[PDB]
Amino acid sequence: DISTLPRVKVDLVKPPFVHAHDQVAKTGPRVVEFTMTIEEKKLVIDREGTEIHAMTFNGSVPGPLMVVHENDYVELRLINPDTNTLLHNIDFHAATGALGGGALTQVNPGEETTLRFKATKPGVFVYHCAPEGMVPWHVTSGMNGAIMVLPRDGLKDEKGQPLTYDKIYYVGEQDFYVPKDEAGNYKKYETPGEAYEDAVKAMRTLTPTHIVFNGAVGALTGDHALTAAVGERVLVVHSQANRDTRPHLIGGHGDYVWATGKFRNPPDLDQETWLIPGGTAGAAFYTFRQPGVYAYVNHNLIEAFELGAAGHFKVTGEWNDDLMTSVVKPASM
Amino acid sequence: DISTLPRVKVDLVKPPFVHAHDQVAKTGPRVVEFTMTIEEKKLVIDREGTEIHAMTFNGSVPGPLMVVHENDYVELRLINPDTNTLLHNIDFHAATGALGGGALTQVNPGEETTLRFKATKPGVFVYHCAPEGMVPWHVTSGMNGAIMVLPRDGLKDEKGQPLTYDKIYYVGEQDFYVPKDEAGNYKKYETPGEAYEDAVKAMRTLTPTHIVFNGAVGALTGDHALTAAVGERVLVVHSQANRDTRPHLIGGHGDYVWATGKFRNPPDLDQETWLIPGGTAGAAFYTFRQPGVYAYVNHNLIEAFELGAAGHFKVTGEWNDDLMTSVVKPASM
Amino acid sequence: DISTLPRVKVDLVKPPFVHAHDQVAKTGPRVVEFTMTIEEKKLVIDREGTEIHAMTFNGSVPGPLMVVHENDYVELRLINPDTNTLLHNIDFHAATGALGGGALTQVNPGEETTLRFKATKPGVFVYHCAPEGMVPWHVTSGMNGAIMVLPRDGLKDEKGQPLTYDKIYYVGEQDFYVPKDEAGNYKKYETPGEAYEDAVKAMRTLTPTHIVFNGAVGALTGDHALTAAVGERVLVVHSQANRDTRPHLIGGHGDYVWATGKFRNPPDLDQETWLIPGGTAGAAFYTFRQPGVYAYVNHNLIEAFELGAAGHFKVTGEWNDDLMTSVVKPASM
Ligand SMILES: O=N[O-]
Ligand SMILES: O=N[O-]
Ligand SMILES: O=N[O-]
Ligand SMILES: [Cu+2]
Ligand SMILES: [Cu+2]
Ligand SMILES: [Cu+2]
Ligand SMILES: [Cu+2]
Ligand SMILES: [Cu+2]
Ligand SMILES: [Cu+2]
Numbered sequence: 046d047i048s049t050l051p052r053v054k055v056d057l058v059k060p061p062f063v064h065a066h067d068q069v070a071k072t073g074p075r076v077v078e079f080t081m082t083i084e085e086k087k088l089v090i091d092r093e094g095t096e097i098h099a100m101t102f103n104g105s106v107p108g109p110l111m112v113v114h115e116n117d118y119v120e121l122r123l124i125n126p127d128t129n130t131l132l133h134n135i136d137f138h139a140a141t142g143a144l145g146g147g148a149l150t151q152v153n154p155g156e157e158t159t160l161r162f163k164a165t166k167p168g169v170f171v172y173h174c175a176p177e178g179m180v181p182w183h184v185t186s187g188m189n190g191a192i193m194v195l196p197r198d199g200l201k202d203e204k205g206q207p208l209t210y211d212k213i214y215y216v217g218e219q220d221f222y223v224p225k226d227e228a229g230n231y232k233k234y235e236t237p238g239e240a241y242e243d244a245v246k247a248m249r250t251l252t253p254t255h256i257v258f259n260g261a262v263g264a265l266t267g268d269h270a271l272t273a274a275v276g277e278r279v280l281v282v283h284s285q286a287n288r289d290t291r292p293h294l295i296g297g298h299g300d301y302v303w304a305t306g307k308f309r310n311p312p313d314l315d316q317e318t319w320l321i322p323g324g325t326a327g328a329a330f331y332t333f334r335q336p337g338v339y340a341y342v343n344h345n346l347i348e349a350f351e352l353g354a355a356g357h358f359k360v361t362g363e364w365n366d367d368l369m370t371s372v373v374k375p376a377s378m
Numbered sequence: 046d047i048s049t050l051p052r053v054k055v056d057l058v059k060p061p062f063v064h065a066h067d068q069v070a071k072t073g074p075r076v077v078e079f080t081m082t083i084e085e086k087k088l089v090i091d092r093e094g095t096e097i098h099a100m101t102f103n104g105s106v107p108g109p110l111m112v113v114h115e116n117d118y119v120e121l122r123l124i125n126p127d128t129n130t131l132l133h134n135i136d137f138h139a140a141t142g143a144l145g146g147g148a149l150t151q152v153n154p155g156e157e158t159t160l161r162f163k164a165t166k167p168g169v170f171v172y173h174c175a176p177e178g179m180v181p182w183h184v185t186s187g188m189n190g191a192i193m194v195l196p197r198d199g200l201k202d203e204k205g206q207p208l209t210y211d212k213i214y215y216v217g218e219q220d221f222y223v224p225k226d227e228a229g230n231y232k233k234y235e236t237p238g239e240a241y242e243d244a245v246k247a248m249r250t251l252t253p254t255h256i257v258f259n260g261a262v263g264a265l266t267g268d269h270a271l272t273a274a275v276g277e278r279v280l281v282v283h284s285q286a287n288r289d290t291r292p293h294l295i296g297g298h299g300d301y302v303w304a305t306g307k308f309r310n311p312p313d314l315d316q317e318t319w320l321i322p323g324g325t326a327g328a329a330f331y332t333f334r335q336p337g338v339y340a341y342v343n344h345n346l347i348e349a350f351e352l353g354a355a356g357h358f359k360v361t362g363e364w365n366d367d368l369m370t371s372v373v374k375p376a377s378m
Numbered sequence: 046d047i048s049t050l051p052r053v054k055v056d057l058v059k060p061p062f063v064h065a066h067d068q069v070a071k072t073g074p075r076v077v078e079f080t081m082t083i084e085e086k087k088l089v090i091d092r093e094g095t096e097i098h099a100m101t102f103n104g105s106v107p108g109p110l111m112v113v114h115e116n117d118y119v120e121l122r123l124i125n126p127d128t129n130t131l132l133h134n135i136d137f138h139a140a141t142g143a144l145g146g147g148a149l150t151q152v153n154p155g156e157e158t159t160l161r162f163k164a165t166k167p168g169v170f171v172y173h174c175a176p177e178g179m180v181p182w183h184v185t186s187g188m189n190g191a192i193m194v195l196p197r198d199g200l201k202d203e204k205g206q207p208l209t210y211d212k213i214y215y216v217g218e219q220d221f222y223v224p225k226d227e228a229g230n231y232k233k234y235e236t237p238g239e240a241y242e243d244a245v246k247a248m249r250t251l252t253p254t255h256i257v258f259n260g261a262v263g264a265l266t267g268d269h270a271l272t273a274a275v276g277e278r279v280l281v282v283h284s285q286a287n288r289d290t291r292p293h294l295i296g297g298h299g300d301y302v303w304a305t306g307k308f309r310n311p312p313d314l315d316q317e318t319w320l321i322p323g324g325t326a327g328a329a330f331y332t333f334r335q336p337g338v339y340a341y342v343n344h345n346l347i348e349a350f351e352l353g354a355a356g357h358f359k360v361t362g363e364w365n366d367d368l369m370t371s372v373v374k375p376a377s378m
């Protein structure tokens, strides 16, 4: 009887950070309450100043990472303020029935809804908006995020021993399809209805104009670089709601990787690069062994370094010359 | 001595249905006899009325699913009627030697051939036409299907316990490359030889114009939606002979998935989405838990909802409010 | 203390051949010394005579396969002769720290450097040039190879029993992006700086003009076809530093496949086709069972047979009619 269960209210945080949680469940099953407010907003996505009309959960691209345990109930209050112009909904890949919730959560501007589902399968999962007839337009406008459903006894390695992270980040990767004119310059639009046919035409090229982490070129760099210390265990959750990606930590590895995100399966070990299919979340566990700057990319390097799918880690600590050293520094002889 | 084995004649059915078979082999090894007749035919592939010259096994795109057991012999009589114009052949990814049979099955119009091979490896496998010098043109004209080679003791889970399906469907996914003029409209052609250079040019874009299930936009919808009941175990075999896909059951999961189709490997559990590489068949097992309409898609949602890679299930039964419920229906407050 | 270890000098060979090594380590850990000389050179990559300015390690596309054992130290002397025009460096996906070595190996023309790293994880791994701000341009000019790090006790199957190859080949697959004019013809350039913006524009299409094995259309065919005998065990290492591929042995299988290349994981069995993500090396083990010609392809068949990603094996020995036979040869009746 769900009314006899504890309720716990979660207050979400902006990606790539993740709201506080316990790896190992410290209670029995709970109804875990979340609220998200849909926000249609202009976003500048590149260094050139290209501005799109983003469709967001909670103001961000991606939407925030939600975290529960297996056989908790997720109860989401989804708000679509009357400041928005479009109908929206939500499909959880973690959920069972009604198109993952999309059939039950259609909210016009000025409406709200509350959906509850049981998180019966452990893993990281995509969630995304999916309004009938307009699904890829919403998703590729940034209206997607992820949910992690931890096993109640936390993560385990390929032999059944615990894997405990010290830090977790969520990297949402977004393919955008900004319409172009015949000369190649990005077009802009005065209403969503006036944009729609050209959005469809741009999507049908299957060629993104931009592929970004955390909503913009360079978002996870500089003052917003990811951080870690030597010897810290870091879980990077990575989602792509629409298109394949191939994550890679430049200078590191995925020590344990669930490339298709589902924790009942043993992880793949020692990965250089892995394939997260479009429509999937994956998760990589790494223990840092060297300080300095790392890049974290989609290893189609064009997608990374020309189209935006690249972020950085700044790692503190001592350098290990046993693991790597310059024997003879670059010089002319 | 193969002449001392039983022979069994199979009569194929049109996808997405699958001819009758036993999961667990009820006989010893057999020579399993199949006949397919090649048919070149016009097909309308979209809602707009776009008509292509399809190249088919047995009249359908995809070709029918053939089913045998491990260490049976497949004996295929391949007929190319003199009503056809082209040379064709067949390559089984399940077979060993002679380019999978393609070197031994070259049939001009008005010829036939009979190939026999031993099905030594269990799995779902692509079969496709592959005439030297014209391979992607035949494949991307729809001239491909799949063959399932069941283990003699049926399917097993990741712990070695039986998995038995109640229903099986075969979803063939086809990338088409309909040539376009400079303005973007589809071109048509008076002979295959007059089409060939423009077919090659369209293919070399690597950008399909259409990506469809069972030969056409909307083929697995309406009166041809897939069906199941709550609690039924369903195996969906999915092939893509030329290009990657990423299947997803909207509202469900792949409870057990052989993403690259080979049953000696333990399945992946609880998948949201999985990657079937171009040139591969995969298979997903699911137990339905909720009634209603599901969509089954390639989760590049552009490929799904703009280019055609989407079908539906209609599922009967009782709704489980424990698994999902609307707590507060969409309303303004 | 690394100075107390044996040093062993390796003399590399041109792909697809692989320098001599022991599967099972016949010594303790060693410092394994390699030297590579960077060569910028013109290469003709297709049958039409299309000439690009390639950027190579040791004169070849791909660069040579390096082979060590787990917990050996790789010591690479990288030479950039003053006959070259560009700055280059090297990133090993096998290494830990400093962007895989790229931060420590920046060599202008007329410089050299020596990098040492510990090969702490067993697998096949990409190595590639990666100069800050110019990474995909160098990689997609051919400046990439692979390194195999064998377990000290050699390869093992999914049950822990030895897998020993008789022969090994390295197939480097290269996506090129030759700039095109408005009419579709390839452009040429008088200096690297004059080429750069058009190289970036061509890359941003995400549509390769050519996809080749061993540096050119048809490179692994004819007098340079791969060879084997019936009953020989063959390991094919396959890399793709920038873009996904889907290898397939036409007429065979991958009996044991590490699709993402890391030997601590059990291999996938009986694969028809597998996905090697861009930025990864994979490895397939097969025992040949039939003589004759095989094709080895990227099973996007357009990429294979139109864009160049296809090679051949010539296999000697006796034909097995139990495994495959023509029962009735193609004829009219
Ligand atoms: O290894 N850096 O792509
Ligand atoms: O979850 N529907 O793409
Ligand atoms: O099976 N040949 O693509
Ligand atoms: Cu929306
Ligand atoms: Cu979805
Ligand atoms: Cu054909
Ligand atoms: Cu094939
Ligand atoms: Cu370089
Ligand atoms: Cu790299």
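Just so you know, the sequences run in chain order A, B and C.
According to full-length UniProt numbering, the first sequence is numbered sequentially starting from 46.
According to full-length UniProt numbering, the second sequence is numbered sequentially starting from 46.
According to full-length UniProt numbering, the third sequence is numbered sequentially starting from 46.
Even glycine gets a Cβ: it sits at the ideal position worked out from N, Cα and C.
{"Query": "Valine 171 of chain C beta carbon near ligand 1 (any heavy atom closer than 8 Å)", "Result": "yes"}
{"Query": "Outcome for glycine 73 of chain A when other beta-carbon atoms lying within 10 angstroms are tallied against a minimum of 16", "Result": "exposed"}
{"Query": "Other residues of its chain near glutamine 219 of chain B: CB distance less than 6 Å, five sequence neighbours each side excluded", "Result": "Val106, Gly187, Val257"}
{"Query": "Contact under 9 Å by Cβ, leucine 195 of chain C with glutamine 68 of chain C", "Result": "yes"}
{"Query": "Contact test: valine 180 of chain C Cβ vs ligand 1 heavy atom, cutoff 8 Å", "Result": "yes"}
{"Query": "Residue of C/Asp198, C/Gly356, C/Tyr231 minimising C-alpha distance to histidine 344 of chain C", "Result": "C/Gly356"}
{"Query": "Cβ-Cβ distance between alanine 143 of chain A and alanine 164 of chain A below 9 Å", "Result": "no"}
{"Query": "Bridge partner(s) assigned by DSSP for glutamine 285 of chain A", "Result": "A/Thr325"}
{"Query": "Runs of beta strand (DSSP E) wholly within the segment 219-305 of chain C (minimum 3 residues, chain order)", "Result": "255-258, 271-274, 278-285, 292-295, 299-303"}
{"Query": "CB-CB length for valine 372 of chain B against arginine 161 of chain A, believed under 8 Å", "Result": "5 Å"}
{"Query": "Closer than 8 Å: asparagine 134 of chain A CB and nearest ligand 4 heavy atom", "Result": "yes"}
{"Query": "Endpoints, the alpha helix (DSSP H) within which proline 375 of chain B is located", "Result": "Not the alpha helix (DSSP H): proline 375 of chain B falls in the beta strand (DSSP E), residues 369-376."}
{"Query": "Proximity test, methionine 188 of chain B beta-carbon vs ligand 6 heavy atom, cut-off 8 Å", "Result": "yes"}
{"Query": "Residues of the segment 292-325 of chain A whose Cβ lies closer than 7 Å to any Cβ of chain C, in chain order", "Result": "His293, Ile295, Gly296, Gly297, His298, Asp313, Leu314, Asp315, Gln316, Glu317, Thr318, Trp319, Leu320"}
{"Query": "Any C-beta of chain C under 9 Å from that of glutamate 203 of chain A", "Result": "yes"}
{"Query": "heavy atom of ligand 4 below 8 Å from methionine 369 of chain B C-beta", "Result": "no"}
{"Query": "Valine 194 of chain B - DSSP class collapsed to helix/strand/coil", "Result": "strand"}
{"Query": "Inter-stretch contact (C-beta, 8 Å, three-pair minimum) for the segment 212-226 of chain A and the segment 268-284 of chain A", "Result": "yes"}
{"Query": "Proximity of residue 36 of chain B and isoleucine 135 of chain B at Cβ, strictly below 9 Å", "Result": "Residue 36 of chain B lies beyond the range of chain B shown here (46 to 378); nothing can be said about it."}
{"Query": "Neighbourhood of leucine 352 of chain B by C-beta, 7 Å cutoff - its chain only, sequence neighbours within 5 removed", "Result": "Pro253, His255, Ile256"}
{"Query": "Any non-hydrogen atom of ligand 6 closer than 8 Å to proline 176 of chain B Cβ", "Result": "yes"}
{"Query": "9 Å Cβ cutoff met for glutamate 157 of chain A and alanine 376 of chain B", "Result": "yes"}
{"Query": "Reference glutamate 363 of chain C; option with closest CA among C/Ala349, C/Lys374, C/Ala273, C/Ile97", "Result": "C/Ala273"}
{"Query": "Those residues which DSSP pairs with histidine 98 of chain B across a bridge", "Result": "B/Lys87"}
{"Query": "Reference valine 223 of chain C; option with closest CA among C/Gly94, C/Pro109, C/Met369", "Result": "C/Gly94"}
{"Query": "Cross-strand partners of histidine 133 of chain B (DSSP beta bridge)", "Result": "B/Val152"}
{"Query": "Any C-beta of chain B under 9 Å from that of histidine 138 of chain A", "Result": "yes"}
{"Query": "Residues sharing a beta bridge with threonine 361 of chain C, DSSP", "Result": "C/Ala274"}
{"Query": "Residues from the segment 336-351 of chain A in contact with chain C, defined by Cβ distance under 9 Å", "Result": "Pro336, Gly337, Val338, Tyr339, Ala340, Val342, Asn343, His344, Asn345, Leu346, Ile347, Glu348, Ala349, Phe350, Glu351"}
{"Query": "Three-state secondary structure (DSSP) of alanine 65 of chain C", "Result": "coil"}
{"Query": "CB contact check: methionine 248 of chain C to chain F, cutoff 9 Å", "Result": "Absent from the structure: chain F. Protein chains present are A, B and C."}
{"Query": "Short CB-CB distance (under 9 Å) between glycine 145 of chain C and chain A", "Result": "yes"}
{"Query": "Paired residues, beta bridge with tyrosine 214 of chain C - DSSP", "Result": "C/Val281"}
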